[PDB]
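Comments concern the structure below.
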Amino acid sequence: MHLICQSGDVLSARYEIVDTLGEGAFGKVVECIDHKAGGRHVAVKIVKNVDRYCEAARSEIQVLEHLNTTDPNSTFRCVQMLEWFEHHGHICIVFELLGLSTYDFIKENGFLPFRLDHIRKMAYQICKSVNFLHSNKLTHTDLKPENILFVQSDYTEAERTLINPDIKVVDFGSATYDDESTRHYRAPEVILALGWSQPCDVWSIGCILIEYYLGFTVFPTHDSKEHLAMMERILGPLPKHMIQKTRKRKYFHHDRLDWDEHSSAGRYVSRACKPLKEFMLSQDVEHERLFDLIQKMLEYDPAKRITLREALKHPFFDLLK
Ligand SMILES: O=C1NC(N[C@]23C[C@H]4C[C@H](C[C@H](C4)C2)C3)=N/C1=C\c1ccc2ncsc2c1
């Protein structure tokens with residue numbers, strides 16, 4: 001990786017790297033000047049030369065080629081791929097240049113939360129976009145703030161003040177069609193290995209929204225049974241039917257979760273977490289509307305869980321309507 005993507009390098013005899021925008025498990029993303037197109041800047045995704053990540057990159061190009069053709073204007077806010085190429089055995093995908101991810105923006109503002117009016121618009125766009133994926137037999141499976149990106153003209157910089165937050169959605173290398181990729185936004189049916197599909201995206205959007213509103217993550221765990229105990233503290237006890245169905249019966253004793261809440265980590269889930277409604281900062285009706293939508297997105301059972309077509313109909317978005 002390091003050898004083939006430093007500042008000053010030229011890719012495919014026209015893309016001159018000028019900055020590194022970020023680094024991932026897939027590799028790197030660089031900002032480049034496109035010398036054969038007036039000097040317009042672009043973003044270039046540099047994928048590791050590993051079989052896992054090259055098969056994902058090839059799949060990602062197939063998805064982006066389809067989404068970009070189905071939606072030429074990007075009405076549904078999937079990032080647009082301009083071309084791809086190979087560079088010293090690395091797949092490089094060229095994109096339109098966007099701005100900060102929503103995660104970088106909060107992070108570099110001291111983890112301030114977003115304004116509620118921004119959250120309302122950002123949530124509408126994330127829902128409208130991921131619904132468009134779902135209507136094309138797709139599941140993103142890797143929805144998170146790092147993968148939601150502003151379009152640079154949406155904010156100032158000096159201290160970043162967000163102005164008008166048109167967002168785009170990126171990274172389709174984990175995307176899956178219905179024929180036949182997580183961190184702490186992982187849905188319960190995924191943790192429990194009950195199978196999953198598009199509803200797990202809805203759950204991850206719900207985890208994104210609460211983070212927008214708090215500035216910090218509400219499941220700050222790196223352990224899967226602690227994540228489950230957190231869910232119970234914030235959202236209530238998991239459904240008996242899901243507990244009784246998982247092959248992962250390592251986490252439970254009878255119908256209850258196997259967890260000594262007076263252990264040092266059991267005391268951590270009490271300090272770190274509390275029922276969802278109490279996380280609210282106002283009692284204003286627009287705050288009540290947001291958390292109602294979030295409560296529907298954080299529904300345990302993936303069948304009960306609100307779809308995104310219904311989420312677009314939620315009163316929280318009437319102020320835009
Ligand atoms: O497919 C992608 N996956 C990612 N992932 C990352 C993960 C971290 C946060 C953010 C920036 C880096 C690090 C790459 C998105 N970016 C992608 C694409 C992309 C397209 C256009 C664009 N314009 C400015 S940044 C940018 C990134």
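By order of appearance in the structure tokens: chains A, B, ..., then residues from 1 within every chain, and ligands from 1 in the order shown.
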Produce a table with one row for each residue of region 89-202 of chain A that has an atom at most 9 Å from any atom of region 210-231 of chain A, each row naming the nearest atom pair and its distance in Å at one decimal; use only C-alpha atoms; arrange rows by chain and rising residue number; format as a Markdown table.
| residue | atom | partner | partner_atom | distance |
| --- | --- | --- | --- | --- |
| A:102 | CA | A:212 | CA | 8.5 |
| A:106 | CA | A:215 | CA | 6.7 |
| A:107 | CA | A:215 | CA | 8.3 |
| A:110 | CA | A:215 | CA | 8.7 |
| A:111 | CA | A:215 | CA | 5.0 |
| A:112 | CA | A:215 | CA | 5.3 |
| A:113 | CA | A:215 | CA | 4.3 |
| A:114 | CA | A:212 | CA | 5.6 |
| A:115 | CA | A:213 | CA | 7.7 |
| A:116 | CA | A:213 | CA | 7.4 |
| A:119 | CA | A:212 | CA | 6.8 |
| A:145 | CA | A:211 | CA | 8.6 |
| A:183 | CA | A:222 | CA | 8.2 |
| A:184 | CA | A:219 | CA | 6.4 |
| A:185 | CA | A:219 | CA | 8.0 |
| A:188 | CA | A:228 | CA | 7.9 |
| A:191 | CA | A:224 | CA | 7.1 |
| request: Could you give me, as a ChimeraX atom specification, the residues within 7 Å of residue 100 (chain A), counting only C-alpha atoms and dropping anything in the same chain fewer than 2 positions from it? | output: /A:98,102,104-105,149-150,152
| Non-local contacts of residue 27 (chain A) (7 Å; only C-alpha atoms; under 3 positions in same chain excluded) as a PyMOL selection string | chain A and resi 1+23-24+46-48
Could those residues be written to a file, using C-alpha atoms, as a PDB file, in the first residue's frame?
ATOM      1  CA  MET A   1       0.000   0.000   0.000  1.00  0.00           C
ATOM      2  CA  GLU A  23      -7.383   4.967   5.460  1.00  0.00           C
ATOM      3  CA  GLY A  24      -9.485   1.840   5.845  1.00  0.00           C
ATOM      4  CA  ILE A  46      -6.868   2.444  -3.516  1.00  0.00           C
ATOM      5  CA  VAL A  47      -7.714  -1.163  -2.627  1.00  0.00           C
ATOM      6  CA  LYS A  48      -5.187  -3.546  -1.074  1.00  0.00           C
TER       7      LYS A  48
END
| field | Distance query residue 89 (chain A) at most 10 Å, only C-alpha atoms, self and fewer than 3 positions along chain excluded, as number ranges by chain | value | A: 47-50, 54, 85-86, 92
Write a file of the selected residues as a PDB file, in the first residue's frame, keeping C-alpha atoms.
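Output below, filename result_36.pdb:
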ATOM      1  CA  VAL A  47      -7.714  -1.163  -2.627  1.00  0.00           C
ATOM      2  CA  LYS A  48      -5.187  -3.546  -1.074  1.00  0.00           C
ATOM      3  CA  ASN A  49      -3.897  -6.313  -3.344  1.00  0.00           C
ATOM      4  CA  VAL A  50      -5.562  -9.077  -1.324  1.00  0.00           C
ATOM      5  CA  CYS A  54     -10.095  -7.358  -4.838  1.00  0.00           C
ATOM      6  CA  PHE A  85      -8.177   1.112 -13.374  1.00  0.00           C
ATOM      7  CA  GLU A  86      -5.325  -1.063 -12.131  1.00  0.00           C
ATOM      8  CA  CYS A  92      -8.321   1.921  -8.076  1.00  0.00           C
TER       9      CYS A  92
END
| task | Go through A:205, A:127, A:242, A:163 and flag the residue nearest residue 190 (chain A), using only C-alpha atoms for the distances. | result |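 Of all the options, A:242 lies closest to residue 190 (chain A).
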| Close residues to ligand 1 using only C-alpha atoms and all ligand atoms, limit 7 Å, as a ChimeraX atom specification | /A:21-24,28-29,43,45,79,95-101,104,146-147,170-172
Suppose we keep C-alpha atoms; can you now write the selection as a compact mmCIF listing (two decimals), in the first residue's frame?
# COMPACT_ATOMS: atom_id res chain seq x y z
CA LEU A 21 -8.49 11.69 2.75
CA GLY A 22 -8.52 8.54 4.87
CA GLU A 23 -7.38 4.97 5.46
CA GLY A 24 -9.49 1.84 5.85
CA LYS A 28 -6.65 4.20 1.20
CA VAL A 29 -8.57 7.04 -0.44
CA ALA A 43 -11.20 10.95 -5.08
CA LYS A 45 -10.05 4.53 -3.78
CA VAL A 79 -21.58 8.42 -4.82
CA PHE A 95 -15.08 8.98 -7.74
CA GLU A 96 -16.51 12.45 -7.64
CA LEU A 97 -14.81 14.46 -4.90
CA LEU A 98 -16.96 14.83 -1.80
CA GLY A 99 -16.31 16.45 1.57
CA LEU A 100 -15.80 15.10 5.05
CA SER A 101 -17.51 11.98 6.25
CA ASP A 104 -14.64 13.09 10.62
CA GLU A 146 -17.69 6.97 8.18
CA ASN A 147 -19.71 5.98 5.09
CA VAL A 170 -20.32 5.37 -0.13
CA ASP A 171 -18.62 1.95 0.07
CA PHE A 172 -20.53 -0.85 -1.67
| Atom-to-atom span, CA of residue 239 (chain A) and CA of residue 142 (chain A), Å | 24.6 Å
| Given the choices A:312, A:285, A:306, A:265, which gets closest to residue 129 (chain A) if the distance is worked out from only C-alpha atoms? |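 Under the stated criterion, the closest residue is A:312.
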